[PDB]
Amino acid sequence: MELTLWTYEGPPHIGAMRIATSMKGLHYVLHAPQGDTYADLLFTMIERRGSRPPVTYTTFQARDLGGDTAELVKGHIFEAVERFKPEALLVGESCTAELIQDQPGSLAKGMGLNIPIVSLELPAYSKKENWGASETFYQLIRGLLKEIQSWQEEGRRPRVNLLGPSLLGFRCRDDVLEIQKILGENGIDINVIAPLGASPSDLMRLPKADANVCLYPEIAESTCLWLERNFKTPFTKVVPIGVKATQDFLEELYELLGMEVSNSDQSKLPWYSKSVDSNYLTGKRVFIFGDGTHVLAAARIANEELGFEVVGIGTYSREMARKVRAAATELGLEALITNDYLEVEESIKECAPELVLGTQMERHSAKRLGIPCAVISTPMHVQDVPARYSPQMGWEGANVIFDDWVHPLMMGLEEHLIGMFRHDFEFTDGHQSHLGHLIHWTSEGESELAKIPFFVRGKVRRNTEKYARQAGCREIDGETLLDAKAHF
Amino acid sequence: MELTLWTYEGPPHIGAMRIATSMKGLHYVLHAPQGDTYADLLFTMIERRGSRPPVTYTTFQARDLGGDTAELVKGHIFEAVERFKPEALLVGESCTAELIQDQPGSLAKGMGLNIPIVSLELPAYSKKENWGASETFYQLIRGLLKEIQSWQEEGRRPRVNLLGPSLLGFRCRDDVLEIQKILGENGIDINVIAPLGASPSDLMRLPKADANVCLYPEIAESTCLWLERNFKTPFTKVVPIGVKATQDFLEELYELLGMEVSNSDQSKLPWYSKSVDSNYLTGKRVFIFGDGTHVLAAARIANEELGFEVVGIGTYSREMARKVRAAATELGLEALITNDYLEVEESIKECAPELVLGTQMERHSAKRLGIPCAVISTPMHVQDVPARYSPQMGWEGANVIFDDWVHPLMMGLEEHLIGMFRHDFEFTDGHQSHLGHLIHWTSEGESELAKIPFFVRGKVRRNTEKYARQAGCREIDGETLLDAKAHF
Amino acid sequence: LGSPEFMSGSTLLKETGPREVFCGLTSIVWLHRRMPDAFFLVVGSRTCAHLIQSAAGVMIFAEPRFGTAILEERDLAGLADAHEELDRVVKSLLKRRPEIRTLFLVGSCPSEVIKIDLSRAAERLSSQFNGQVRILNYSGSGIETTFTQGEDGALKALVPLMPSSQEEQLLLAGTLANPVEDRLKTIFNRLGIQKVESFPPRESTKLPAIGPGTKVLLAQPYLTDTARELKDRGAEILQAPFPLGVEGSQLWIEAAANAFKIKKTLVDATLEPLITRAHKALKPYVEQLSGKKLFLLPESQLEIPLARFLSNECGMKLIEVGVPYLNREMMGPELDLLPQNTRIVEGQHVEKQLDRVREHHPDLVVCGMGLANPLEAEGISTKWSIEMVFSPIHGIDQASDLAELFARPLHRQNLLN
Amino acid sequence: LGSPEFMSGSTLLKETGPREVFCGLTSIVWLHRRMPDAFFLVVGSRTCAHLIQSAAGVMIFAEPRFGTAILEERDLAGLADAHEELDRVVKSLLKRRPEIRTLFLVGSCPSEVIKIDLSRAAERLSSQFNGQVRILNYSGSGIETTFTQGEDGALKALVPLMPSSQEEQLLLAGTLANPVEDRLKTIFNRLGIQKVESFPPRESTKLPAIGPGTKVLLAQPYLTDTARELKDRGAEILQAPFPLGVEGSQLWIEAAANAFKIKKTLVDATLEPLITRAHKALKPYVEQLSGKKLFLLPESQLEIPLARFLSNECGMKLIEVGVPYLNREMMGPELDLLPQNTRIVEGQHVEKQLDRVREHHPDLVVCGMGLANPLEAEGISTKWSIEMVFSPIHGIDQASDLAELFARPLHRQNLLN
Ligand code: PMR
Ligand code: PMR
Ligand code: SF4
Ligand code: SF4
Ligand SMILES: [K+]
Ligand SMILES: [K+]
């Protein structure tokens, strides 16, 4: 058993549901107990959709276990196909159904239905949401296209597929818009956007693209690899989150298409970060966490575009581990590869950053530790599915990123004043008015520690204790705290 | 004298500076004491501009008062014209210079300069910023064009001027973008955008438009009126902030241009506000304040698009008073027309709203009173000049407005739980976790008052005391609080 | 839908098919706040884990109040002892939250299918501490429990831990909002009943005593097993409708006064001002709600009392009253108050039930959040069903507030259009 | 630029023309936080009002700490008595903030041009209360004061209110950050000087006493009038450079130790560990700063000591050292420490001075925020000048922090490119 206060991903069938719902003309029969229909709320409440997910749940009860649960799923497959008349059918199990092993997928293929059937084999006790979505997306396309340079010769504009975006993905709605806009300004058309907005019929057009754009590797890397092996379609590997990343992405795609020659000031982040009110941002200590893609993106932005010092970094995407470790090594860090919330909380507590760039779950630990936080990745909740245009990708995405990642920080003048004067009745220690809300330490040692202006006090206490251990120092005093400072 | 803890507007010369800086090829010689150059920071820090304002200050000192301050301004006029070589010249005074009365404007017209000269007569002790900007904009255009249907016949697309947007205006950068985008989708071209981005040469093209769009009446109403009288150019009067307002604006402009036939779902606000998680927004009590335009806009949105109950409304724009009073009358309220911050604070305190939609100054009073706040109007500071796309106008503006005006409110589940259970160790009274931060009343009477779930407790206490006075009730008890509730 | 049955002039139907309800695990969402000194540890899968945090994780927690011991492959393969694993997990949990006074091991579909004996684990764990942490067990599995039935499981688990006493006592069973709890106690004290206690309490360590001489009023309709267990310990379970609206609350209060032999002139002098004021407060909502056609989907077993209140006191017309479960003896007093010819459906086929909704096009459909927004897009106004479990709806004085919950979405419909 | 003068091997120039500096009103921004029990009421125009809130209004204030009595037309026309008006305004202010212990009426260009006698108003108002609120006056007008000269005005106004005493006392005059204040006091106590007090204090009602036997160290270079007034009350004004960096702080501390006749072996045993550690801490910043060309525009009168520290201890090359005002006797000790042939410009012609900046293209230009971002757009790195007034820069131990303030924008330049 694994103690889990917060899970970074849902079970794999959620990933499967994300594919079916993001698409059109694709229904999903899910063998599951009564109650698993909570998943609908992920789409009706968080994604705020005005339509029921294309999912038929068998919703068996305990009384059904004394009966024919296999016949139960067969009846629901009949009903679902008859009632909804989809282009293709997903059939799968939930964690509980996986126990009773009714083989609902293979059953579906023996029922004489005249539409494509994808039988999902998702191990709910070994794999998770993103793997589920990637596997589902992969099998559906592999199943549809199995049996089965030019643009210069045809005299048409280059056309690419956008693979990856999905519901319950992070800002996929606007990332797609931003990237599509940018490609069009670079003279590059869009062929098929999938899974988000695509039908099984659209998926049949996937080989018609000149190149595949892999916006969300956690969802679409397996597919791009399969499309490359079978149809020779090359795919981009640079995810365009961040100004520099968007530039690299543009240069990469140009090569794969064979074009010639993306300016930096197309985003406002470079000027904002260069401007003098961003001077004090230099060296602010930040912890980063989330899925592989967004962590890697955030890391470069924090380090190369904002001037932060990354003091901690990790991901829950084990498939992205080697890349996060490489990035961490460049940053002089050891990468935290885990799905254990308590380990993440502990790592944050230990390095005591001034800012946490993580998931919805990092808000929990940041609240407890009193650290300014911002969400950069799923898992998320409703606040991160806003009405307004909110991409993370491209030029405008970097603009959103600048505003959102700087916002939780105390502002310049107020931070200076609190470092100067500590005896106020309103502007006290740890107060941020722009948010509109009202081994042994000597007595001498802790006095010099209270002098330290809040959010950096955590690291100071750590470094001093590390310094005191690193030497023959016993207790701690006001001088050894000043010694530790000069030492580091 | 007038006690002023916070001023809603700056002196009128700031408005003049806003015109000159928003434009290009227009310099501004300002007779002012040493120190008034702080105004530059409004543009270099708040607007974050990478260029010095086109303003030459005489910056006289006390020692200069014993000398020829008139010769001082004459020298600076020579220098400014020689060095900067502008298309036209603004000449004016600050409040202090206004005392010594050097007549710098008329002086400029007697110096043999061969460019247009606008002599600004701004009463710093009677008028304020917006009047200053409107007057400056009016005189410059009146001075440029004084000496001096069709689109169907020419066979071209209708073209309109966008008048009003300016630096230190509220989200003018993106409002212009949004409106220009929307007009183009409706088949309507842009002729001249002014003052923001326009040169004196551009202003000469103002009569070439088929209609004038008055986006910011506080800045451009006087001008549109002058353009109408002299060049027959009609102008829109509906400011497109809010879904319904944008629709009315589109219908209005179509009439003035003579076109035929703007759908509602082009913004996401209608669905978001219609969706079930907005159910609890119904009847939330809101106070509204700011300049005339944004107050009028916010009022309709709060009342007709969000389902709030407007319990207080006012403006500091006296020129907009009769309209705000008419709007207040429809809402069953008396409009607060004042520039006295203490009066505004008092009015908020008295009606005890659950949300304040005001200026930067309302954050001060909301902080003290512990009321969720959002900025909808100038005066503002740097937070409201963000890097990301942030219009208030048009379809996307309504999207931004929905996110921003709902954000300060406690969220659904948490609000329900605090109404249910009051004895928590973390989720206490008045706590909002999504912000990530840890005549006589009887003892019987106050107990029933503490039962009331926070943000509405203020109004409950008022209504009960009003009820107790309204009857022969003496003291107050638990029953009379329940009586007051049933009474209202 | 099978052959109908007839009780108290009303029609009882049963429907089988696809269901759209919450499992009993969701009881944690309200229970963890009623009793902050308790922790709720689910033994199940990542699905169960995902459920609870998708519900409550919109709020930010400095301190964890719930969690999931997720079964791994080794657990299913029997390569790790379940009891050793539970002990280790509970061990490291009490490390992170050493202030936990009561720990609930909540059963899930996975734990109940393979029959992990959580009850014995709870017993053994309780033994290993016994001075500090109480460890208990109840099932919140979807295969066994629907939504509010989870609370029935939780309360039933506390019953054996209630002290034994033969004292005068009026026990109010079922989750009440704090101010509602205080209000009802105040009223009950006016009638001369000095001993009134609530179950569940606000602190898990402070359970009310029980035994003969204890009269129990059931405030919630979903306490079938808890009531049975309370009766097994000597308490008298009073029969009455449920304290929703003026009518229900009056009779509910009268039931206790009758059992304590309180003089009718006293209970009338006490309830009269409350009732008159309530009728006054209800009027504007009745104006909004009278004549409106209502359709309720199964969710919580609150549907029958809610329908009774909305029709009798607010004048709504009932199209269909769906319940996920119907204890006929327990709903007895409530069924007598319902208007004649009420159509009650036990169970559900969501697709067919949706068809009935669409064909009728009700003025207001009480439904879950899996159907709320999709129905709104079809131009059908909804009232999300979950709200009633998270609102102060009990008592004479809360009648108008209860009506407002249903008047609100209709009011908003008008404001927006 | 006129004919040069020569002092201590350095060149002193004077330039007339357009200025870009803050008026003395801006002193309120830091003073209101040094002394939270004080209120700062400006008597001036809406321009003055707009200035202060454009500065400090980025922060959100539950309680107002400053404000402006804005002159109206009737005031200028003499149709309302200025003294009656002031009294009424001060009256209604003490209604909103009844906890104010000291009220500063701050003069502005309008109030000083027409010569409203605020000083007598302050006297009369002080009389009408005298047990509760002290009302004082100083000028922060642009025509008279530049930036930090406002503090000189404020401190000078407190001097007559300082108690009279002939006790042993070391007075530290000028705004120090709280931890810097405490640090310097701790060090001074190690030398045997038991009585060390700060002016201004943290509470306006608790002013240090003064008289003969009081030795005064000036921590800030802009206290010309305050020092003169302190001397008029019997105190000895010690001459020394200003406590910026190791060199300046050492000599500053030595000045007080010499006056108190502290034995040199004691002051060396006390300062040695501090100095050695400081040299160690300074090294990485020196590496960043050595050989860099520096250009400072007039702002605060901190420019000379800053230039002295950055060249002597950080190895920067000085192109031009601009000051808005130069008290030559007060900068005496500081001018002796400056490297030979330093180009110092008193006054300013901003356009011509800009030309000198552009023609040299310095590695780092210390300038105001009216020029900072525009210079950055021209590819010239800046260090915004205001920061030094809002940073803990004084003392041996703060040398590295002071250097970091100038190393930071250069460091950021590298990180971003
Ligand atoms: C009155 C004009 C004005 C404007 C528009 C700003 C904006 C601004 N001032 Mg400020 N500032 C103004 C004036 C002043 N500032 C002052 C001080 C100050 C400090 C220490 C700081 C600051 C800052 C700002 C900032 C950056 C936003 C912020 O973090 O506060 C703006 C837009 C902020 C910064 O990063 O500067 C580079 C910061 O640390 N100001 C002072 C000292 C008396 C004055 C008169
Ligand atoms: C597990 C699925 C899920 C999702 C995606 C949401 C989203 C959501 N739930 Mg919640 N909610 C879920 C489950 C539950 N909710 C529950 C309760 C609840 C309440 C009282 C409320 C709520 C709300 C929400 C909301 C609206 C956002 C908010 O204000 O919290 C989302 C997106 C919120 C609301 O306005 O509903 C219409 C509100 O008042 N939920 C319960 C009770 C046990 C469960 C199991
Ligand atoms: S207990 Fe059953 S119905 Fe509930 S979340 Fe777990 S698997 Fe789903
Ligand atoms: S005192 Fe003078 S320089 Fe300062 S803001 Fe007022 S008018 Fe301007
Ligand atoms: K795991
Ligand atoms: K006024």
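Cut-offs and rules
- Residues numbered from 1 in each chain as written, not as in the entry; some residues may be left out.
- Chains lettered and ligands numbered in written order.
- Part of a larger assembly, values for the part shown.
- Heavy atoms only, no water.
- Helix = DSSP H or I, 4+ residues; strand = E, 2+ residues; numbered from the N terminus.
- Buried < 20%, exposed > 50% of the residue type's maximum accessible area, 1.4 Å probe, protein only.
- Contact = heavy atoms within 4.5 Å.
- Areas by Shrake-Rupley, 256 points an atom, 1.4 Å probe, with all protein chains shown as cover.
- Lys, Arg positive; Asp, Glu negative; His and termini not counted.
- Charge placed at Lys NZ, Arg CZ, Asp CG, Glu CD.
- Near = heavy atom within 4 Å.
- Polar contact = N/O pair within 3.5 Å; in protein donor to acceptor, adjacent residues only side chain to side chain.
- Domains from an automatic or database assignment.
- Buried area = accessible area lost by both parts, 1.4 Å probe.
- Nonpolar A, V, L, I, M, F, W, Y, C, P; charged D, E, K, R; others polar.
- Core = buried A, V, L, I, M, F, W, Y, C linked by side-chain atoms within 4.5 Å.
- Pairing = 2+ DSSP bridges.
- Salt bridge = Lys/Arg side-chain N within 4 Å of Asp/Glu carboxyl O.
- Expected span 1.5 Å × (residues − 1).

In its metadata, the entry names X-ray crystallography as the structure determination method and reports 2.10 Å as the resolution.

(A) Quick look at the overall build of chain C. Counting its secondary structure elements, chain C contains 16 helices and 15 strands. Projected onto its principal axes, the C-alpha positions of chain C cover 60 × 55 × 45 Å. Taking all 417 residues of chain C together, the buried fraction comes to 67%. Counted over contacts in chain C with a minimum sequence separation of 6, partners at least 24 positions apart contribute 74%. Accessible area of chain C: about 14,200 Å², with a carbon and sulfur share of 47%. Averaging the coordinates of the 46 positive side-chain charges in chain C and doing the same for the 52 negative ones gives two points 4 Å apart.

(B) Geometry of the site of ligand 2. Neighbouring ligand 2 are 25 residues, the closest being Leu41(A), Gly412(B), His416(B), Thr26(C) and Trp384(C). The environment of ligand 2 is shared, with nearby residues belonging to chains A, B and C. Measuring from an oxygen atom of ligand 2, one finds a backbone N or O atom of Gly412(B) at 2.6 Å. The separation between an oxygen atom of ligand 2 and a polar main-chain atom of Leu413(B) is 3.3 Å. Here the shell around ligand 2 takes four residues from helix α2 (residues 40–46) of chain A, the largest share from any one element.

(C) A look at the domain arrangement of chain A. All names here are of chain A. The domain architecture assigned to chain A consists of domain 1 (1–147), domain 2 (148–261), domain 3 (262–438) and domain 4 (439–488). Computed over C-alpha atoms only, the centres of domain 1 and domain 3 are separated by 36 Å. Across the boundary between the two partners, domain 1 contributes 12 residues, which contact 16 residues of domain 3. Both faces considered, domain 1 and domain 3 share a buried interface measuring about 1,400 Å² in area, 63% of it formed by carbon and sulfur atoms.

(D) A look at the site of ligand 1. Near ligand 1, the surroundings consist of 25 residues, among which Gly412(A), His416(A), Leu41(B), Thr26(D) and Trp384(D) are the closest. Site remark: ligand 1 is flanked by residues from chains A, B and D. For the shell around ligand 1, the elements supplying multiple residues, two or more each, are α18 (412–420) of chain A, α2 (40–46) of chain B together with α1 (28–34) and α2 (46–56) of chain D. If one sorts the elements of the shell around ligand 1 by residue count, α2(B) sits on top with four residues. Each residue belonging to the shell around ligand 1 can be placed in one class, and the counts come to 19 nonpolar, five polar and one charged.

(E) The nonpolar core, seen in detail. Judged by nonpolar contacts, the single largest core of 547 residues is most densely connected at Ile288(A), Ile288(B), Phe188(C) and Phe188(D). Other than its neighbours up to four places away in sequence, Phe188(D) contacts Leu170(D), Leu172(D), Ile193(D), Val196(D), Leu217(D), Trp252(D), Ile253(D) and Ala256(D). In terms of nonpolar packing, the next biggest core, distinct from the first, is built from 11 residues, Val73(B), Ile77(B), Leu89(B) and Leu113(B) among them.

(F) View of the sheet that holds strand β6 (residues 159–163) of chain B. All names here are of chain B. With parallel pairing, the four strands of this open sheet are ordered in space as β7-β6-β8-β9. Strands at the two margins of the open sheet, each flanked by one partner only, are β7 (189–194) and β9 (235–236). As paired elements, strand β8 (residues 211–214) and β9 share two bridges and run parallel to each other. Counterpart to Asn 212 in the pairing with β9 is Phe 235.

(G) Seen up close, the domain arrangement of chain C. Residues and elements named next belong to chain C. We note that the domain assignment places domain 1 (1–22 + 285–417), domain 2 (23–161) and domain 3 (162–284) within chain C. A separation of 25 Å is found between the C-alpha centroids of domain 1 and domain 3. On the domain 3 side, the residues contacting the 30 residues of domain 1 number 35 residues. Between domain 1 and domain 3, a total of about 2,700 Å² is buried, with carbon and sulfur atoms accounting for 65% of that surface. Considering only the surface of domain 1 that becomes buried against domain 3, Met 330, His 394 and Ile 396 emerge as the three largest contributors, covering 28% of it. Applying the counting criterion to the domain 1 and domain 3 interface returns three salt bridges.

(H) Structural context of the pattern of salt bridges. Enumeration according to the criterion identifies 122 salt bridges over all chains in this entry. Here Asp429(B) makes a salt bridge to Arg457(B), at a shortest N to O gap of 2.7 Å. Members of the salt-bridge network, linked through shared partners, are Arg52(A), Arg83(A), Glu20(C), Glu351(C), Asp355(C), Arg358(C) and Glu378(C).

(I) Representation of helix α6 (residues 118–129) of chain D within the structure. Residue and element names in this part refer to chain D. Helix length check: α6, at 12 residues, gives a terminal C-alpha distance of 17 Å against a target of 16 Å (1.5 Å per residue), a fit within 8%. Three or more residues of α6 are buried, namely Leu 118, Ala 121, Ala 122, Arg 124, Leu 125 and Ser 126. Against the buried residues of α6 lie β3 (38–44), α4 (82–96), β5 (102–107), α5 (109–113) and β6 (134–139). In the stretch just after α6, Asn 130 is the one whose phi turns positive, near 65°.

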